[PDB]
>>> print(open('work.csv').read())   # CSV, C-alpha atoms
chain,number,residue,atom,x,y,z
A,1,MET,CA,-2.5,118.1,105.2
A,2,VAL,CA,-2.3,115.4,107.8
A,3,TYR,CA,-5.5,114.6,109.7
A,4,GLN,CA,-5.2,114.0,113.5
A,5,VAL,CA,-7.2,110.9,114.6
A,6,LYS,CA,-9.4,112.0,117.6
A,7,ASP,CA,-10.3,108.6,119.1
A,8,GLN,CA,-11.0,105.0,118.1
A,9,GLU,CA,-14.4,105.7,116.5
A,10,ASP,CA,-12.7,108.5,114.5
A,11,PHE,CA,-10.0,106.0,113.4
A,12,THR,CA,-12.6,103.7,111.9
A,13,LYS,CA,-14.3,106.7,110.2
A,14,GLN,CA,-11.0,107.8,108.7
A,15,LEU,CA,-10.2,104.3,107.5
A,16,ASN,CA,-13.7,104.1,105.9
A,17,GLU,CA,-13.3,107.6,104.4
A,18,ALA,CA,-10.0,106.5,102.8
A,19,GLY,CA,-11.9,104.0,100.6
A,20,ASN,CA,-9.4,101.8,98.6
A,21,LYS,CA,-6.5,104.2,99.2
A,22,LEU,CA,-3.4,103.2,101.1
A,23,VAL,CA,-3.5,104.8,104.5
A,24,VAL,CA,-0.3,105.8,106.3
A,25,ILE,CA,-0.7,106.5,110.0
A,26,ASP,CA,2.0,108.4,111.9
A,27,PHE,CA,2.1,107.5,115.7
A,28,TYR,CA,3.9,110.4,117.3
A,29,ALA,CA,4.4,112.4,120.4
A,30,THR,CA,4.9,116.2,120.8
A,31,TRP,CA,8.0,115.5,122.9
A,32,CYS,CA,9.6,113.4,120.2
A,33,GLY,CA,12.3,115.2,118.3
A,34,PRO,CA,12.5,112.9,115.2
A,35,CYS,CA,8.7,113.0,114.9
A,36,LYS,CA,8.8,116.8,114.7
A,37,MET,CA,11.6,116.7,112.1
A,38,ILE,CA,9.8,114.4,109.7
A,39,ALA,CA,6.3,115.9,110.2
A,40,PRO,CA,6.8,118.6,107.5
A,41,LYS,CA,7.9,116.0,105.0
A,42,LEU,CA,4.7,114.0,105.7
A,43,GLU,CA,2.6,117.2,105.2
A,44,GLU,CA,4.4,117.6,101.8
A,45,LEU,CA,3.8,114.0,100.9
A,46,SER,CA,0.1,114.4,102.0
A,47,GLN,CA,-0.2,117.5,99.8
A,48,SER,CA,1.2,115.8,96.7
A,49,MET,CA,0.1,112.2,96.6
A,50,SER,CA,-3.6,111.9,95.8
A,51,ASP,CA,-3.7,108.1,96.0
A,52,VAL,CA,-2.5,107.9,99.6
A,53,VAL,CA,-4.2,109.1,102.8
A,54,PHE,CA,-2.0,110.3,105.7
A,55,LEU,CA,-3.2,110.3,109.3
A,56,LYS,CA,-1.5,110.9,112.6
A,57,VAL,CA,-2.2,109.8,116.2
A,58,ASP,CA,-0.8,111.6,119.2
A,59,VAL,CA,0.0,108.7,121.6
A,60,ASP,CA,-0.4,110.9,124.7
A,61,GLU,CA,-3.9,111.8,123.4
A,62,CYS,CA,-4.9,108.3,122.2
A,63,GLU,CA,-3.1,106.0,124.6
A,64,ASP,CA,-5.7,103.2,123.9
A,65,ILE,CA,-4.9,103.4,120.2
A,66,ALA,CA,-1.2,103.3,120.9
A,67,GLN,CA,-1.6,100.3,123.1
A,68,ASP,CA,-3.9,98.4,120.6
A,69,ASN,CA,-1.3,99.0,118.0
A,70,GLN,CA,1.7,97.9,120.1
A,71,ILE,CA,3.6,101.2,119.6
A,72,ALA,CA,7.0,101.3,121.3
A,73,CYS,CA,9.0,103.7,119.2
A,74,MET,CA,8.3,107.2,118.0
A,75,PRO,CA,7.5,107.8,115.2
A,76,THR,CA,5.9,104.6,114.1
A,77,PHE,CA,4.2,104.5,110.6
A,78,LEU,CA,1.4,102.0,110.2
A,79,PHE,CA,0.4,101.1,106.6
A,80,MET,CA,-3.2,100.0,106.0
A,81,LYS,CA,-5.4,99.4,103.0
A,82,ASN,CA,-9.1,98.3,103.0
A,83,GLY,CA,-8.8,98.0,106.8
A,84,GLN,CA,-5.9,95.5,106.6
A,85,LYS,CA,-2.5,96.0,108.1
A,86,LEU,CA,0.1,95.8,105.4
A,87,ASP,CA,3.3,96.9,107.0
A,88,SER,CA,4.9,98.9,109.9
A,89,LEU,CA,7.9,101.2,110.1
A,90,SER,CA,9.6,102.2,113.3
A,91,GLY,CA,11.6,105.4,113.2
A,92,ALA,CA,12.0,108.5,111.0
A,93,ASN,CA,13.4,106.8,108.0
A,94,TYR,CA,11.9,108.8,105.2
A,95,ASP,CA,13.4,106.7,102.4
A,96,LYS,CA,12.0,103.4,103.8
A,97,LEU,CA,8.7,105.2,104.4
A,98,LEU,CA,8.6,106.3,100.8
A,99,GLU,CA,9.5,102.8,99.6
A,100,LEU,CA,6.7,101.3,101.6
A,101,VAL,CA,4.3,103.9,100.2
A,102,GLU,CA,5.3,103.1,96.6
A,103,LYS,CA,5.1,99.4,97.3
A,104,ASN,CA,1.6,99.4,98.9
A,105,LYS,CA,-0.3,102.3,97.3
B,1,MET,CA,12.4,99.9,144.9
B,2,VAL,CA,11.8,101.9,141.7
B,3,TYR,CA,10.7,105.4,142.5
B,4,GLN,CA,8.3,107.3,140.1
B,5,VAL,CA,9.5,110.8,139.2
B,6,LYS,CA,6.7,113.3,139.7
B,7,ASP,CA,8.1,116.3,137.7
B,8,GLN,CA,11.3,118.1,136.7
B,9,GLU,CA,12.1,119.4,140.2
B,10,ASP,CA,11.5,115.9,141.7
B,11,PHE,CA,13.8,114.5,139.1
B,12,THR,CA,16.6,117.0,140.2
B,13,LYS,CA,15.9,116.2,143.9
B,14,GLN,CA,16.3,112.5,143.2
B,15,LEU,CA,19.5,113.0,141.2
B,16,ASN,CA,21.0,115.0,144.1
B,17,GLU,CA,19.9,112.4,146.7
B,18,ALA,CA,21.7,109.7,144.8
B,19,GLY,CA,25.0,111.3,145.7
B,20,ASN,CA,27.8,109.4,144.0
B,21,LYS,CA,25.6,106.4,143.1
B,22,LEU,CA,24.8,105.2,139.6
B,23,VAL,CA,21.2,106.2,138.7
B,24,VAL,CA,19.2,104.2,136.2
B,25,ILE,CA,16.1,105.9,134.8
B,26,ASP,CA,13.4,103.9,132.9
B,27,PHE,CA,11.4,106.2,130.5
B,28,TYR,CA,8.2,104.2,129.9
B,29,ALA,CA,4.5,104.5,129.0
B,30,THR,CA,1.6,102.5,130.4
B,31,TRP,CA,0.5,101.7,126.8
B,32,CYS,CA,4.0,100.2,126.1
B,33,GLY,CA,4.1,96.3,126.0
B,34,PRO,CA,7.9,95.8,126.4
B,35,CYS,CA,7.9,98.5,129.1
B,36,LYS,CA,5.4,96.4,131.2
B,37,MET,CA,7.3,93.3,130.2
B,38,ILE,CA,10.6,94.4,131.8
B,39,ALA,CA,9.3,96.6,134.7
B,40,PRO,CA,9.1,93.7,137.2
B,41,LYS,CA,12.8,92.7,136.5
B,42,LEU,CA,13.9,96.3,137.1
B,43,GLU,CA,11.9,96.2,140.4
B,44,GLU,CA,13.7,93.0,141.4
B,45,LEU,CA,17.1,94.4,140.5
B,46,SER,CA,16.4,97.6,142.5
B,47,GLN,CA,15.5,95.6,145.6
B,48,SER,CA,19.0,93.9,145.5
B,49,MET,CA,21.3,96.7,144.3
B,50,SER,CA,21.2,99.2,147.2
B,51,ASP,CA,24.3,101.0,145.7
B,52,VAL,CA,22.3,101.9,142.6
B,53,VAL,CA,19.4,104.3,142.4
B,54,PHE,CA,16.5,103.2,140.2
B,55,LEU,CA,13.9,105.7,138.9
B,56,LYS,CA,11.1,105.7,136.4
B,57,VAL,CA,9.5,108.4,134.3
B,58,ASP,CA,6.0,108.0,132.8
B,59,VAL,CA,6.4,109.9,129.5
B,60,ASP,CA,2.6,110.7,129.5
B,61,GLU,CA,2.8,112.3,132.9
B,62,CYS,CA,6.1,114.0,132.4
B,63,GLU,CA,6.2,115.0,128.7
B,64,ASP,CA,8.6,117.8,129.4
B,65,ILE,CA,11.2,115.4,130.9
B,66,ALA,CA,10.6,113.1,128.0
B,67,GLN,CA,11.4,115.9,125.5
B,68,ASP,CA,14.5,117.0,127.6
B,69,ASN,CA,16.1,113.5,127.2
B,70,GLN,CA,15.3,113.0,123.6
B,71,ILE,CA,13.3,109.8,124.2
B,72,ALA,CA,12.3,107.9,121.0
B,73,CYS,CA,12.1,104.1,121.5
B,74,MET,CA,10.6,102.7,124.7
B,75,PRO,CA,11.5,101.7,127.3
B,76,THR,CA,14.6,103.8,127.3
B,77,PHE,CA,17.1,103.3,130.2
B,78,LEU,CA,19.2,106.4,130.9
B,79,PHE,CA,22.4,105.9,133.1
B,80,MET,CA,23.5,108.8,135.1
B,81,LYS,CA,26.0,109.7,137.8
B,82,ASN,CA,26.5,113.0,139.6
B,83,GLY,CA,23.9,114.6,137.4
B,84,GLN,CA,25.7,113.6,134.2
B,85,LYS,CA,24.8,111.2,131.4
B,86,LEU,CA,26.9,108.0,131.1
B,87,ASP,CA,25.0,105.8,128.7
B,88,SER,CA,21.6,105.0,127.2
B,89,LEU,CA,19.7,101.8,126.2
B,90,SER,CA,16.7,101.6,123.9
B,91,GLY,CA,14.4,98.6,124.2
B,92,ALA,CA,13.8,95.9,126.8
B,93,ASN,CA,17.0,94.0,126.7
B,94,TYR,CA,17.7,92.7,130.2
B,95,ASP,CA,21.2,91.4,129.5
B,96,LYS,CA,22.3,94.7,128.0
B,97,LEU,CA,20.8,96.5,131.0
B,98,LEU,CA,22.8,94.3,133.4
B,99,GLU,CA,26.0,94.9,131.3
B,100,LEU,CA,25.5,98.7,131.5
B,101,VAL,CA,24.8,98.6,135.2
B,102,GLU,CA,27.9,96.4,135.7
B,103,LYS,CA,29.9,98.9,133.6
B,104,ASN,CA,28.7,102.0,135.4
B,105,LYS,CA,28.0,101.0,139.0
>>> encode(input="work.csv", output="structure tokens")
Amino acid sequence: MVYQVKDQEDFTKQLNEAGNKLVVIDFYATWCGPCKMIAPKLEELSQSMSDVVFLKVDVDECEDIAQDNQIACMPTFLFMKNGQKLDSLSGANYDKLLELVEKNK
Amino acid sequence: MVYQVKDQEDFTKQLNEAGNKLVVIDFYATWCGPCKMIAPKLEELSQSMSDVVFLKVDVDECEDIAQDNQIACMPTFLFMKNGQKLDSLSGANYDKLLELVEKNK
């Protein structure tokens, strides 16, 4: 399952909850076609990889978070670990996403 | 002038009012850095080019319109004439925008 970040305080709580695990955050919009296409794949990844935490942020719901993170394309995947930004991926490229997960987890 | 589209009906009304003119639509978000970066240049261009209609759509206000046009990367510039799609440009590239206006005006 992919947890939807509710606000900025919630984002910090989730990053804390993740512990030492790589966190992958999907910045998406409900009007974004590629976002919807890849969402089930993220759910499957979320279900199967126990050493990675998957989150999602609806940019229309958390516009402050989208701005703070300089989102321009949907979907954007942010890769964090122990509160540090490790990488970013713009677009629904599942292979590159998987590669960044394997590289950073 | 760059007019802000209020909803789907308003979008249709503006497309009709353009008559035979090229219409350029900027799909943007208020949390989008490059969007804000290029907005003043679009405003300047619109004040000069009276034979081209310039519109803008806030994807947060008009999510339905965003979905209709398959917006992914922002800002997206859609080029239309007589209600029909001519071209599309993702990202804030001013030279490419001018090339596409020159091509389609």
>>> residues_around(input="work.csv", residues="region 77-85 of chain A", least_positions_apart="6", cutoff="10 Å", atoms="only C-alpha atoms", output="list in words")
residues 12, 15, 16, 18, 19, 20, 21, 22, 23, 24, 25, 26, 27, 28, 52, 53, 54, 55, 56, 69, 71, 91, 92, 93, 97, 100, 101, 104 and 105 of chain A
>>> calpha_fit_rmsd(input="work.csv", fixed="chain A", moving="chain B")
0.4 Å
>>> closest_residue(input="work.csv", among="A:57, A:32, A:76, A:44", to="chain B", atoms="only C-alpha atoms")
A:32
>>> closest_atom_pairs(input="work.csv", of="chain A", to="chain B", cutoff="10 Å", atoms="only C-alpha atoms", output="JSON lines")
{"residue": "A:28", "atom": "CA", "partner": "B:72", "partner_atom": "CA", "distance": 9.5}
{"residue": "A:29", "atom": "CA", "partner": "B:63", "partner_atom": "CA", "distance": 8.9}
{"residue": "A:30", "atom": "CA", "partner": "B:67", "partner_atom": "CA", "distance": 8.0}
{"residue": "A:31", "atom": "CA", "partner": "B:67", "partner_atom": "CA", "distance": 4.3}
{"residue": "A:32", "atom": "CA", "partner": "B:67", "partner_atom": "CA", "distance": 6.1}
{"residue": "A:33", "atom": "CA", "partner": "B:70", "partner_atom": "CA", "distance": 6.5}
{"residue": "A:34", "atom": "CA", "partner": "B:72", "partner_atom": "CA", "distance": 7.7}
{"residue": "A:35", "atom": "CA", "partner": "B:72", "partner_atom": "CA", "distance": 8.7}
{"residue": "A:59", "atom": "CA", "partner": "B:60", "partner_atom": "CA", "distance": 8.6}
{"residue": "A:60", "atom": "CA", "partner": "B:60", "partner_atom": "CA", "distance": 5.7}
{"residue": "A:61", "atom": "CA", "partner": "B:60", "partner_atom": "CA", "distance": 9.0}
{"residue": "A:62", "atom": "CA", "partner": "B:31", "partner_atom": "CA", "distance": 9.7}
{"residue": "A:63", "atom": "CA", "partner": "B:31", "partner_atom": "CA", "distance": 6.0}
{"residue": "A:64", "atom": "CA", "partner": "B:31", "partner_atom": "CA", "distance": 7.0}
{"residue": "A:65", "atom": "CA", "partner": "B:31", "partner_atom": "CA", "distance": 8.7}
{"residue": "A:66", "atom": "CA", "partner": "B:31", "partner_atom": "CA", "distance": 6.3}
{"residue": "A:67", "atom": "CA", "partner": "B:31", "partner_atom": "CA", "distance": 4.5}
{"residue": "A:68", "atom": "CA", "partner": "B:31", "partner_atom": "CA", "distance": 8.3}
{"residue": "A:69", "atom": "CA", "partner": "B:31", "partner_atom": "CA", "distance": 9.4}
{"residue": "A:70", "atom": "CA", "partner": "B:33", "partner_atom": "CA", "distance": 6.6}
{"residue": "A:71", "atom": "CA", "partner": "B:32", "partner_atom": "CA", "distance": 6.6}
{"residue": "A:72", "atom": "CA", "partner": "B:74", "partner_atom": "CA", "distance": 5.1}
{"residue": "A:73", "atom": "CA", "partner": "B:73", "partner_atom": "CA", "distance": 3.9}
{"residue": "A:74", "atom": "CA", "partner": "B:72", "partner_atom": "CA", "distance": 5.0}
{"residue": "A:75", "atom": "CA", "partner": "B:72", "partner_atom": "CA", "distance": 7.5}
{"residue": "A:76", "atom": "CA", "partner": "B:73", "partner_atom": "CA", "distance": 9.7}
{"residue": "A:90", "atom": "CA", "partner": "B:73", "partner_atom": "CA", "distance": 8.8}
{"residue": "A:91", "atom": "CA", "partner": "B:72", "partner_atom": "CA", "distance": 8.2}
>>> closest_residue(input="work.csv", among="A:86, A:1, A:98, A:11", to="residue 50 (chain A)", atoms="all atoms listed in the file")
A:1
>>> atom_distance(input="work.csv", atom1="CA of residue 38 (chain A)", atom2="CA of residue 87 (chain B)")
25.8 Å
>>> atom_distance(input="work.csv", atom1="CA of residue 95 (chain A)", atom2="CA of residue 37 (chain A)")
14.0 Å
>>> atom_distance(input="work.csv", atom1="CA of residue 41 (chain B)", atom2="CA of residue 4 (chain B)")
15.7 Å
